[PDB]
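Examination of the molecular architecture
Below, each chain spelled out in residue letters.
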Amino acid sequence: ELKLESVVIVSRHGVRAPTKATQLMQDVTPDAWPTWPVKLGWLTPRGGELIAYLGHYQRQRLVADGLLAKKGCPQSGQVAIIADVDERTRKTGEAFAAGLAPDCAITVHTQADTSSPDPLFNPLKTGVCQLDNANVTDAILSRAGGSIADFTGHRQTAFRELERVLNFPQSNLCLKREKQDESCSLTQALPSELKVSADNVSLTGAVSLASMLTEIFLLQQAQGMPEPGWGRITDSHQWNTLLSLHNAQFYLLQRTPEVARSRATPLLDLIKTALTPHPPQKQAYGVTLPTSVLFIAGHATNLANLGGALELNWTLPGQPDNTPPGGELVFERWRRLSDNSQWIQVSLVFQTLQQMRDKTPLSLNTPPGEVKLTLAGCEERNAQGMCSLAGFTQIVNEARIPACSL
């Protein structure tokens, strides 16, 4: 019924070491954090291997869909790869190429200067545009339930689960409060406030600490470390409860449209140019678009910003982190043969946490997880839930913030 014509994959980098090692992380647990085999924030060898599995799966699937050849290397830009300048994203691009097309040396393009941020992955970071402070503040606080106190008050069960995993009552932070005849809970020892500036939003205190620590536990598990969370995370309900704090921070800081639309604008522009039929032309990064497959190696924030800007909702069965390492927001252009009309499908492809833990090789018989998505604002849908190319184009043009384009 339909023929696949083009694919654009926006991927988070693979498993990485923690980005920070703070005094506060030391003070909230009596136990020692496991050390990592690479520098802060770098991709681990295992993370690259897990990304290569997704590349191998994508080759098999795209061959089955008739888009790539079964053997040989894709020719003359048929596959293109763009990566953010960070080590973890560049190495993810290389790992994906290695799995998709081994020994084909597909180029991993970055911006010219790899020592400075690339605004494609966040235009706020280079001052291309600025957030509206008042509108962002109100929108985030409303989505929090009206206040950060309301947000944390509804999540006490999850904070107590994190405290149990940390052995928080025996930590230096708690023991000093016990000497001050004070009880000890994460949220009240570390009050959380929303900080909004023209270039960034963040939360302080227990909310941001919890988001980062629960991701670390997930990374330990995906890395194959013997005892993530000191052996105190023993079932899937516990994993899901812990990562709910991480996903909740992303819901506030990265999915809120007042942030997401600006932050995702350059990616929206690149995705739409990649998906729109047009005479092929070399554009950003020296990549000729449109082409058959474009893989973009970015960050969890990019996935969440695109989801919020495009009204794409998901949770990932078997994967506690909604923006997991190697997770892929996959945009596809399909041609309907009955009338040769053009349609856009979006899905979220991901390894389950068990597939990461077991280092499961992926294939058509053992595929990654996949959640089919819908663009909530699409008014022209087909029976398969896809949006017409015209409807997708209208959604993107409404979502994007012109001042944030490159």
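Residues numbered from 1 in each chain as written, not as in the entry; some residues may be left out. Heavy atoms only, no water.

- Per the PDB record, the structure was determined using X-ray crystallography to 1.41 Å resolution.

**Description of the domain arrangement of the protein chain**
- Domain boundaries in the protein chain define domain 1 (1–130 + 255–406) and domain 2 (131–254).
- Each of domain 1 and domain 2 has a C-alpha centre, and the two are 26 Å apart.
- Taken together, the 45 residues of domain 1 in the interface contact 47 residues of domain 2.
- Across the interface of domain 1 and domain 2, roughly 3,800 Å² is buried in total on both sides, 65% from carbon and sulfur atoms.
- Three residues, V28, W33 and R357, lead the burial of domain 1 against domain 2; their summed loss comes to 17% of the area buried on that side.
- Here domain 1 is connected to domain 2 by two salt bridges.
- Across the pair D31 and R232 runs a salt bridge, and its minimum N-O distance is 2.5 Å.
- At the boundary of domain 1 with domain 2, the tally comes to 20 residue pairs in polar contact.
- Contributions of two or more residues to the side of domain 1 that touches domain 2 are made by α1 (23–27), α2 (45–64), α11 (257–275), α12 (300–310) and α13 (353–357).
- When residues in the side of domain 1 that touches domain 2 are grouped by element, the largest group, six residues, is from α11.
- Class assignment of the residues belonging to the side of domain 1 that touches domain 2 gives a composition of 22 nonpolar, 12 polar and 11 charged. (Domains from an automatic or database assignment. Contact = heavy atoms within 4.5 Å. Buried area = accessible area lost by both parts, 1.4 Å probe. Salt bridge = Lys/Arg side-chain N within 4 Å of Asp/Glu carboxyl O. Polar contact = N/O pair within 3.5 Å; in protein donor to acceptor, adjacent residues only side chain to side chain. Helix = DSSP H or I, 4+ residues; strand = E, 2+ residues; numbered from the N terminus. Nonpolar A, V, L, I, M, F, W, Y, C, P; charged D, E, K, R; others polar.)

**Regarding the packing of helix α9 (residues 205–222) against helix α10 (residues 236–253)**
- Look at α9 against α10: their axes get within 8 Å of each other, and the N-to-C directions meet at 130°. Here α9 lies oblique to α10, going by the angle between them. Between α9 and α10 the crossing geometry is left-handed. Of α10, the residues touching α9 (which contributes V207, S208, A210, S211, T214, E215, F217, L218 and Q221) are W239, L242, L243, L245, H246 and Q249.
- Across the contact of α9 with α10, the residue classes break down as eight nonpolar, six polar and one charged. (Axes fitted to C-alpha atoms, helices over the stretch in contact; angles between N-to-C directions. Parallel < 35°, antiparallel > 145°, perpendicular 65-115°, else oblique. Left-handed = near helix turned anticlockwise from the far one by under 90°.)

**Here's the deal with the nonpolar core**
- Counting residues in each nonpolar core, the largest one holds 83 residues, and the members touching the most others are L162, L166, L186, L213 and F217.
- A per-element tally of this core places α9 first, with 10 residues.
- There are two domains that each give this core at least three residues, and those are domain 1 (1–130 + 255–406) and domain 2 (131–254).
- Ignoring anything within four residues of it in the chain, the contact list for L186 reads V28, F159, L162, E163, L166, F168, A206 and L209.
- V8, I271, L306 and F392 belong to the second largest nonpolar core, which has 41 residues in total. (Core = buried A, V, L, I, M, F, W, Y, C linked by side-chain atoms within 4.5 Å. Buried < 20%, exposed > 50% of the residue type's maximum accessible area, 1.4 Å probe, protein only.)

**Quick word on the pairing of strand β8 (residues 293–298)**
- Of all six residues making up β8, six are buried, and the element is well covered by its neighbours.
- A two-sided burial pattern is seen for β8, the buried positions comprising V293, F295 and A297 on one face and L294, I296 and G298 on the other.
- Inspection of the sheet shows strand β1 (residues 2–12) paired to β8 by six bridges, in the parallel sense. Counterpart to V7 in the pairing with β8 is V293.
- Two elements, strand β2 (residues 79–83) and β8, share five bridges in a ladder whose sense is parallel. What sits directly across from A83, in β8, is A297. (Pairing = 2+ DSSP bridges.)

**Here's the deal with the state of the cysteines**
- Considering all chains together, one arrives at four disulfides under this definition.
- Between the sulfur of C129 and that of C404 lies a disulfide, 2.1 Å long from S to S. What sets the handedness of the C129 and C404 disulfide is the S-S torsion sign, and at about 105° it is right-handed. Here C404 lies in the segment after α14 (389–399) and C129 lies in the loop between β3 (108–109) and α4 (133–143), a separation of 275 residues in the sequence.
- Judged by relative accessible area, which is 7%, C129 ranks as buried.
- Under the relative-accessibility criterion, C404 is labelled buried at 1%.
- Between the sulfur of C174 and that of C184 lies a disulfide, 2.0 Å long from S to S. Between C174 and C184, the disulfide has an S-S torsion of -80° and is therefore left-handed. Remark: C184 occurs in the loop between α7 (172–179) and α8 (186–189) and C174 occurs in helix α7; sequence separation between them is 10 residues. (Disulfide = S-S within 2.5 Å.)

**Points about the pairing of β1**
- Across the 11 residues that make up β1, a large majority, eight, are buried.
- Sheet topology places β1 next to strand β9 (residues 328–336); nine bridges connect them, and they run antiparallel. Across the sheet, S11 pairs through a bridge with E328, a residue of β9.

**Comments concerning the side chain of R59**
- Here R59 is to be found in helix α2.
- One buried charged residue, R59, remains without a salt bridge, the closest side chain of opposite sign being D103 at 10 Å.
- A polar atom in the side chain of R59 sits 2.9 Å from the backbone oxygen of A69.
- A polar contact is formed between the side chain of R59 and the backbone oxygen of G72, at a distance of 2.9 Å. (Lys, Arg positive; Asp, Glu negative; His and termini not counted.)

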